[PDB]
Every structure is written in C-alpha cells, then in structure tokens.
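A.B. asks: Protein chains in written order, with PDB author numbering: chain P, 1 to 342; chain G, 560 to 696, 701 to 704; chain R, 1 to 96; chain S, 12 to 98; chain W, 13 to 127; chain C, 6 to 214; chain Q, 5 to 133.
Virtual Cβ for every residue (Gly too), placed ideally from N, Cα, C.
What follows is a single structure, and I will ask about it in a moment.
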Amino acid sequence: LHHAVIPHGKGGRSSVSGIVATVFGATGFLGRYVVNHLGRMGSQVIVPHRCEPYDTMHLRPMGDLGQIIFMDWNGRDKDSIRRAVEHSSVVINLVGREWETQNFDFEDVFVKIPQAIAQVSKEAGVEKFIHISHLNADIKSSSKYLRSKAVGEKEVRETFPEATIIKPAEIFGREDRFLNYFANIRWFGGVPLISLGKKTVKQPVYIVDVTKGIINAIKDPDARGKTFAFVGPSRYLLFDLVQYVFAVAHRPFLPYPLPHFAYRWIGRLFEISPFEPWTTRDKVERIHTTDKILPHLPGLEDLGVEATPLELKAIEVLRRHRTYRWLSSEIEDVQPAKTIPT
Amino acid sequence: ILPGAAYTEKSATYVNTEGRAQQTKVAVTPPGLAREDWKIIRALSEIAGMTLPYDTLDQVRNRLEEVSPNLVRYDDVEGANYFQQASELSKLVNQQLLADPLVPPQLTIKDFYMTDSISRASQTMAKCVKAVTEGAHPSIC
Amino acid sequence: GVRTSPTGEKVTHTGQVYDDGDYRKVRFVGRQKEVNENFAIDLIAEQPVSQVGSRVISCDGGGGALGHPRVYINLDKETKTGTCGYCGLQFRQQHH
Amino acid sequence: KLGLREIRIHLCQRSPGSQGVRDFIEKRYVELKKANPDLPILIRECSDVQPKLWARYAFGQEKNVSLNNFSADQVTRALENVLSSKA
Amino acid sequence: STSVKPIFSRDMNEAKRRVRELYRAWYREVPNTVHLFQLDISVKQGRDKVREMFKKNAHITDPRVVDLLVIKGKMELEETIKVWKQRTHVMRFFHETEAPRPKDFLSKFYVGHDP
Amino acid sequence: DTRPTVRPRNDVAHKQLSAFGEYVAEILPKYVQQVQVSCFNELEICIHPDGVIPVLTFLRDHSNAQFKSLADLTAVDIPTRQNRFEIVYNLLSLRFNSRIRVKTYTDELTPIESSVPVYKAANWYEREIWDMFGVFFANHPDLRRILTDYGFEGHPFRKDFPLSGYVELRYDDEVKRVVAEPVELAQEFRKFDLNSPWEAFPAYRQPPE
Amino acid sequence: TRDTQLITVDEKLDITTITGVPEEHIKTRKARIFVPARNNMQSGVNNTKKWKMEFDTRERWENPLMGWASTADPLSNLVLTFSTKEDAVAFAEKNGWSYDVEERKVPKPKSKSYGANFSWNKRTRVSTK
Ligand SMILES: NC(=O)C1=CN([C@@H]2O[C@H](COP(=O)(O)OP(=O)(O)OC[C@H]3O[C@@H](n4cnc5c(N)ncnc54)[C@H](OP(=O)(O)O)[C@@H]3O)[C@@H](O)[C@H]2O)C=CC1
Ligand SMILES: [Zn+2]
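As structure tokens, this is what we get:
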C-alpha cells in the first residue's frame, strides 16, 4: 500500500479506490457484478479469462481508461496464475461450473483450481483472498458439486489461512440459473418436483447482496479468516417458491410429483448434450437440497448489507418470461409466497 | 505519528508579530492520508468521548472569537493598551541580569537559510548554505 | 543509452521507471513498454565543438527557415564552450 | 477539582458601553493580579465588541457574564462572583 | 424596491393553490408511470418520491420562486405523461448506482478532505 | 481611406441609422431608454421590458420601418448587473435593406412578454432562452426545454454554471440502464489566465474608480 | 408609470432552489470575493481593476493511467467578474453561497523626486546611476 495505492477522489469511476483486484471467473454471472462494483469506485481490476475476448466485452465499459486489464490464463498452468496476481492486493475466486465437461471435473474446478490460485497468491505476497464456497457444502451430500465444494473450502484454509470464505445460498438475478431455470420448465408442460417440493426449504439471496458483501469484505479489515453465510431474509418451500415464480410470469402452473430415482434418470438423459446442459443429475440434487441454517457463521448484516427480499426484486428477473398479455402487470399484482417462520 | 497539513494545504489563521490576524488559503490538498490539523483533534475527541463543539472551519473560528475576538479580524491591527499596568506588575519581582552578553542565534547569513522543518527539508536552502560557506567553487536558456 | 532497473524494466530518457512494489507495472504484462532508444542527451554530446574565429557567433539550427530562431552566442569566456540554447551545438574561439 | 482555571475579559477600546471595564482595568487589575498570581487573566481588546467576562472551570466548563454598560463597581463585583464561588 | 411583476401568483395563498394542484396531478400520474415505463418499483415508492421532492422546497416564502418551481414541476409531469422521458430519466430520481456517501464527521474525515 | 489594412469607414450609413434612431425614440418615448450606433454602423434600441410588444410591433408594421424578419433572438448573462440577463432582438428589413437591434433586460424571477404574436420565429428562440438561461416568457404557446436533456437541472449558459456540469452519464450493467452520477474528470480542464496586464484600447477606458 | 400591475414582495432574494445546483455545492462551499493582486513579475495594473469571485480549492489527484490531474469539483474553474464589491456580495447571497470579502488594496501615493538622487546632506544621494 505505497503511494500509488492511497485512495483519492469521491468514489467515482475516475477515482482511485486503492484496490488492485484479480477476479478469476469474472466472465460469468457473479463475476460481472463484482467487476462492475470494483470499477464503479475506480479500482484496478485484472480479469484473467479462459474464453474468447468477444465474451469479455460486456466488462469493458465497467471501468475508466486503463482500469480493467485482461489476461489469458489456464486453470492447470501455474505460471499464468502468477502473472495475474503478483501485482494485486486482493484475489477473488469465482471459478465454478454447474456441470462436468470432458476436460474439467467438479473436483478440477472446485478443489484443484481454487487450491492452485490460493497457493500462488500466498507465494506472490497477496494480502487478501476471497473464496466463494456454497452454503450447502458438506462431505456427505448427494451432489458431487456440494461434496467437492466442502473439500475445496478446506484446502483453501490450509493454504491461505487469512482467506475470507463466503458461502452464498442459491443466488437469483437477471442472468441466473435459479429463477430462470424454474420459469423455463414451462417448455416441458408440467413442473416435476421431488416429494412435490413440500419437503425442501430454500433461502435464496439476491446477486447485488452477494456483490456488496464481497466488496465490503475487501475493505473491512476484520473479515480476514472468517467464514460468512450470505443468505436471504426469508425461507420458502420449493413448491411455494416455484409457484410464486409461475405466478409472477403469469404462466400456467401444473406441478406433479416425481420419484427421486426417476428425476435422476431424466437428468442423466439431459447430460448428454455437448453444450450447456439444460439440467443435470447434480442440479436436481442441488435444487431439492434444504438450505442449511448456520447460526454460528456471520451473515450479511455483519458486513453492513441489508438482504433484499425476493418479492421486491423478482419481477425484474421474471418479466422477461411473460407474454405480451402480461408484460405490463405490476409488482403489486401477485400475492407474496408463504414463508417458513422460525 | 498523525500526518497534518502544511501552510500551503489548509485555510489557517496566523497572527504576525504586530497582532494582525491573517488566514492562509488552500493551494493544494495534503499529500496522502494527511488531514487538516484541527480535524485530527476533532476526530480524536469524538473517538475519546469528548467531542469538541465544532464540526466545520467556520464553527472553529467562532470558538476563536470567544477566546480572543481579535483572531477573526483579518488584516486589522487591534491597538493594545495598559502599558502602565504591565510596568507596575513587572517591578514586583526583581530578577538580575546575567553577565553574559546578548548574542543573537543568527550572526551570519549561513544561519538564516535553515530555521524550521520546511527550510531544513529544502534542497535550495541546502544549496544556499553551501554557497555562502564554500562559495561558488550550466545556464544557457 | 537505455538502462534497466533491477526488475528489468527499461528506464526512459526522462528517468521514469516503476518501482518493485508498484502495481502499475501490470499494464505491461502481456505487452511491452515503449521506450525510445535514441537518447537526445547522448547524441548531442557526440557532436564536435566547432572552432570559430570571432567573439560572437550565431546559430540558426541549420537549414535557415527550417531551423530555429537565430540567436547569438558569446565566446569570451575561455573556461567553457558556448552552447546554443535551442539545438545544443557548441562553439569555441580559435586559440582565443 | 471544580476550581477556576482562567478568566478572560473582552472589551472595546473606545465604545462608551465598555467604559466600566476600562475603569476597572486602569485602577483595579494590578491588585486583582497580585491577589491571584497563578490565575491567568486574559484581557483581549477588540473594536466594537460587547463586553463579556468568560470563566473557564475544570474540564472545559465555560460560563460568560455580559458586562455591557456596567459601571466600574459592578465589574469588580462580577469578578468576585467568579473568583470566590469556584463552581 | 419591493414592487415586482409577478409570474402567476400575487401572494403565497395564490401560489400554494397551484402547488396543491400540481401535487394532485403528480399523485395521480405515478400509477401510470410505474405501468407505462415498466418500472420495477411500487406505487408507494413513487408517490413517496413525489412527496420528498415537494418537501425539499417547503421553506420557500417568495410567490415568484414558488411559481417557477410549479412551472418547472409541470414541465416534468408533461414529459412523463407523453413518454418523452425514458426509463433512464424517470429512475434518475432514485440514484440506484451511487454508494451512499457518509454524513457524520468521522466517516468524512477518513475518506477524504471534503467537509 | 486608402490604408490597406484598416477597414473603410462608411459615414453615409452612420448618418442614416442615427436619424432613424431618433425617429424611433421620438415615436416611442414611453419605452425607449437609450439609442446608439456603433463604429461599424449598427443601430441598437434599448427599451424597458414592458415595451417588447409595442416596440417590436411598431418596427414590424410601421411603413418606414417594415422589419418583417426576426433574424435572431438571444440572451446575454452579465452577473454584475441587477438584471443579469439582456434579451437581444435582431430584426431584418427587406424593404429598406437595413438591420436594427432591440435590447431589454430581466432578472431570474421577472417574466418577459412573449414575442410570438409579432414574430412566429420567436416560438423556438424563446424556448432556447428559457432552456439555456432560465428566463420565463409569459403567454408562450408551449414553453419547454429544447436543447438540454430531459430532466436536466440548471441553465447551462449562465456564467455561474460550470463548463462540465454537475452530472455525467454512463451505462451501468447492474441495472441494465444508462445512469447519471456526479461529474469526475480524468483530466481537469486547465484554466489559463491570458489577459495582459497592459491596457489595449485607450478609447474604451473607463473613468477611474 | 408602469401598467404591469406590480406586487409587493418583501424578503431576501433567494434562488438556490431554482438554479439546479446540487445541495453539496451550495452549503459546503466558500466564495472568495477579492480584487486580484498584481502579478509581481510585471508592472501593468490592468488586471487589478475588477472584483472576482473564486471558490475554495478542492482535491486534485493523479490519474493512474497517464498521471494527469483529476478532479471531482465542478466549480474548480469558476471565476466571475464584478464591477463592484456590492455587486459581488449581492450575487453570492442570491445563490446562497458563504463568502469572505477582501477589501481592495490600492498602492499608496509616493513622493518621487529625481533631485533627491543628488543630495547635499541626505542619505538619499545615490552612489551609482
Ligand atoms: N446459483 C449460483 O450462482 C451460486 C454461485 N456460487 C459460486 O460462485 C462462483 C460463480 O458462480 P456463477 O457466476 O453463478 O457461475 P458462472 O457459470 O456464470 O461463472 C463461472 C466462471 O468460472 C469460469 N470457469 C468455469 N470453469 C472454468 C475452468 N476450467 N477454467 C477457467 N475458468 C472456468 C468461467 O469462465 P468462462 O465463462 O470463460 O468459461 C466463468 O468465468 C462459483 O464458484 C459458484 O460455485 C455459489 C453459491 C450459489
Ligand atoms: Zn542552434
């Protein structure tokens, strides 16, 4: 934090925030909001990308001249990771996938890449490390996604002890895979649900809430070495959450129960797609997994962020799924879902 | 160490040798994390639970008017009187003058170029002192 | 000529070089730092001092109207060469 | 401690409303300083200022008493109300 | 010295009649603005923003200044009704992309030199 | 008058415009406050703002004036005056092949009578004056902003308005919208002090103090 | 007289609510009303004849890309010219700004005699010419 890393300005795009951040996986859902918030205050952002430069274009307006720097990196190349972090004061790890490719398994992107980044960051002298785990991560889950998340969350602690590990619940937003996933089930007629969605409880959180918590953790000096659980203000049943989704979108809602084994066989069929699968056996498990209640972990309120209710910010996500008949329906037209009081 | 502002980096009041109050004007802001001097104390008071009753420069100068009203009469010299009273009170105690002769601290010009933190940190005053002791032992444009 | 600090970054003719801990070096990762290798201070020093048999000489920079404003240079001082304030050429008086 | 720590007297050099304080200083200040050698008694004169008598007690507590149009004897009594009560 | 041509009102009683009339016009137009522009806010939020804007100028006592405020406010209503404004202009009253600036002395002291 | 680099002086026109200036003043003593002719033979009529319609109507309709074209209408902001604004009318006479200037004034709060009834051309010029200066015109068909952005606060051409304004626009990805935020400049506008400390034109010197 | 049917308004002129300026730039500012001092490098006095109104200087920092001087102060280049001090004070109070007024400094008249350069019994005799 020498002379060039002293804050200046009034928090604008042409200010100097003093933050030099390397955001891995910045081309995805949770990464476009983090870069947007960092560049709003005038931060130096390094964005190592694996994909075509055409797919990084939406990130370019997010910063003043020279503030967003793009590098090409490989998850299995330890030298590329070092080039992208050796000048940074904070490293943010957002790498993840909801499916498995021929080249990267769940444990390749949740156990190995997170550990490789953490090790190189410590060897490079990086001061802050922010790792995004999952709320429902544990070694004894039915999902490799969550099983691998728990392992990765442990390797990071052993490599970067001062890391700040954040464990969000399912995140809903515009470019999400949670509310859009449920709405797009309408193509298949009915909405299958394991146990008819009556035995699953979900506590979704808003993307801006997660984005403001990560930014606060960077600036807050007491977030080092502390594990946070970013969850929403209300707990819903999966049946009520999905029913509310179809109510906002004004689409017919025709649920029907489906045995857990049957929903896996269907998921196996969809996994054959050589592109982004519509659904996988892992997503079915994740969707039908009760969100853990971790009272021992600090939450968003401990970083100064007020959790946004789903109702206030669900129409902005689901207005796209309505027909011309129901595009203009107002926010106050759909009664709120039923919550699970403590 | 609490960094502060120099006279070129704050709006501050100085009283010259004749009792005339004058205020500097901000030319450049303090270099890094340095802050205006009276704000550091104001911030310190709030943290210590003894918040001072002024938040802005105009309010601090209202306080100066309470302690000594002449401190907010800029470019004005306020006449001071009662020389007779001072003479009387000075004769109550009779101290003796030391035999040592009066010798100013600055006998020659080489003692004039460095008398404070700013001048001792200057590379031009350092050249002046070297010039008036060692002498002048390439200008084109 | 072009030097290199311990970190290996070339020092410009204005003496500019990022320190070891300066994050701004990251702008050169995957790219290059543009440094002009023809240092003017070095090249002008290679020019020889011209001998002139007069107290006062004038320089217009060469080329007439394609040079610089015509200035006059005094050569009385024998302990140094007279230097043009525009182009840097040096002059001396023949055996004074 | 609740004792007195400082006295400040503000007055104008010409205004007729400050004549009492000037009369007080011309004749009585020398005595009031010798009786309180260790008490700072600040006498700050400006132009066109309403006379006042400030009294700073322990821990920053300050009280002021207007001396406008006071006579030379009320000013003497005003100070005694400050150097004696020690509130 | 005090004689001046009025704009519309001759006294505050006449000027406050136009202010209340303008508030009614804005109050009735928020439900349509939230509908036509497809704003992701509720009517309660929009009508509370209208009330906030009126309250900012509640300390005025000059009938000529109040008339300009009503004239300016009436122009804002005309643009909203006729959809000359876009969603960006309507939502500029809410400052959703600006981080809340500090208000207390200590918070301002840490981050910069501004009062 | 043979000097190549000095503009020739036309004294015939100077005489004609001075005579017509008195002609106007004699006919409209109720409003005309001052009349002058510049060294380049341009006539200016300075009037009380209450005479905007009478003075313009006379110049448009009178047989010996016939100023039937409004070349331009504009305002000048001079903060040092009580009436900081100065409404300038430029009229063109096709019959007599001459031009005249009519000048009035107003402050931030005093309305000025609209000239639309006399010149339809003034409809858009008065919107510009209101938009860029904040001068209200009474009885205007539709008075709106014409040049600034929708919901723009402030009148840019006022001398106390900053050159770069108070807001700037950018696209924000979080809200999928174009947003407005306080102005910040990567390079501040550099202010140059160019005025020479030596008087240039003695003929325009003002009385001391 | 006028026939515009005037009205009587008795209250200090105030246009802070209709100028469109943000709140933070009406209350935290400080406008300095003064007559500019002579540029000591010259002898001309033509720049010291009009009053000016400049605001307090805010932070300028270094652009991380090119090292330029960045600012967040919209009124950093705002200088207004007035014919008289009362005109400047009136404008400042009309717009709600707080102002400090510096009274004009005029050089005092001086007695200059060329004959004193050669004095019989005074110290004004010059040793060189
Ligand atoms: N429902 C949710 O969104 C939840 C998110 N999280 C976690 O947050 C992080 C981001 O989530 P989200 O933005 O929604 O998912 P996205 O798919 O939108 O983003 C994934 C990012 O990681 C990159 N990525 C994936 N695999 C690789 C790989 N082998 N090598 C290099 N980069 C790779 C991607 O690069 P590219 O696109 O160029 O291929 C992309 O930038 C993840 O760690 C996720 O587990 C945890 C709780 C809830
Ligand atoms: Zn030369």
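1. Name the chain P residues whose beta carbon is nearer than 8 Å to that of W55/Q?
2. How would you list, in chain order, the residues of chain G whose beta-carbon sits under 8 Å from the beta-carbon of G85/R?
3. Flag residue 97/R as yes when its Cβ comes closer than 6 Å to any non-hydrogen atom of ligand 2, and as no otherwise.
4. Leaving out the 5 sequence neighbours to the left and right, which residues in its chain are closer than 8 Å to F182/P when beta-carbon positions are compared?
5. Bridge partners of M71/P, per DSSP?
6. Determine the DSSP secondary structure at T75/Q, reduced to helix, strand or coil.
7. Can you have a look at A580/G and say buried or exposed, based on whether 16 or more other CB atoms are within 10 angstroms of its CB?
8. On the criterion of 16 or more Cβ atoms from any shown chain inside 10 Å, does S646/G qualify as buried, or is it exposed?
9. Would you mind telling me which residues of chain W sit closer than 7 Å to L10/Q, beta carbon to beta carbon, in chain order?
10. Between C84/R and ligand 2, is the CB less than 6 Å from at least one heavy atom?
11. If we count Cβ pairs, one from each stretch, closer than 8 Å, do we get three or more for the segment 44-53 of chain Q versus the segment 635-644 of chain G?
12. Ignoring anything shorter than 3 residues, give me the beta strand (DSSP E) runs that lie fully in the segment 212-299 of chain P, in order along the chain.
13. What separation, rounded to the nearest whole angstrom, lies between the Cα atoms of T61/Q and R82/P?
14. Per DSSP, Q47/R forms a beta bridge with which residues?
15. Go ahead and pull the three-state DSSP assignment for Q21/C.
16. Quick check on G25/P: does DSSP put it in helix, strand or coil?
17. Determine whether the Cβ of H101/W lies closer than 7 Å to any Cβ atom of chain Q.
18. Using the Cα positions of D55/P and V78/W, report the straight-line distance between them to the nearest angstrom.
19. Keeping to the same chain, check which residues put their C-beta closer than 7 Å to that of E78/R; ignore five residues upstream and five downstream.
20. Please state whether DSSP places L75/R in a helix, a strand or coil.
21. Report the three-state DSSP secondary structure of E58/Q (helix, strand or coil).
22. Given that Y641/G touches chain S, what residues does it touch there, using C-beta distances under 8 Å?
23. Please look up how many angstroms separate the CB atoms of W99/P and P277/P, rounded, as I've assumed it's under 8 Å.
24. Give the secondary structure of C59/R by DSSP, where H, G and I count as helix, E and B as strand, and everything else as coil.
25. With distances taken between CB atoms, is the gap from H101/W to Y36/C smaller than 7 Å?
26. In the structure shown, what three-state DSSP assignment does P54/C receive?
27. Per DSSP, what kind of secondary structure is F142/C in: helix, strand or coil?
28. Using a beta-carbon distance cut-off of less than 8 Å, what residues from the segment 77-99 of chain W approach chain Q?
29. Using 6 Å as the cut-off, classify the Cβ of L152/C as near or not near the heavy atoms of ligand 2, replying yes or no.
30. Say yes only if the C-beta of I315/P is nearer than 6 Å to one or more non-hydrogen atoms of ligand 1, and no if none qualify.
31. What residue from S195/P, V45/P, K202/P and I165/P has the CA that sits closest to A229/P's CA?
32. Just the Cα atoms here: how many angstroms apart are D14/Q and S13/W?
33. Please identify the residue among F101/C, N69/C, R132/C and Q211/C whose C-alpha is closest to the C-alpha of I117/C.
34. For ligand 2, is there a heavy atom less than 6 Å away from the beta-carbon of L66/R?
35. Within 6 Å: the Cβ of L89/R and any heavy atom of ligand 2?
36. Going by Cα to Cα distance, which pick from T132/Q, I19/Q, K89/Q and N81/Q is closest to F194/C?
C.D. replies: Reading it off the structure:
1. Result: empty, since nearest Cβ-Cβ is about 31 Å, beyond 8 Å.
2. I703 and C704
3. Here chain R covers residues 1 to 96 and nothing more, so residue 97/R does not appear.
4. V191, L241, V242, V245 and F246
5. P48/P
6. strand
7. buried
8. exposed
9. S15, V16 and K17
10. yes
11. no
12. 255-257
13. 43 Å
14. DSSP, once it has assigned bridges, lists no residue as partnering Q47/R.
15. helix
16. coil
17. no
18. 52 Å
19. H96
20. coil
21. strand
22. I36, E37, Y40 and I54
23. 5 Å
24. strand
25. no
26. helix
27. strand
28. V77, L80, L81 and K84
29. no
30. no
31. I165/P
32. 9 Å
33. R132/C
34. no
35. yes
36. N81/Q
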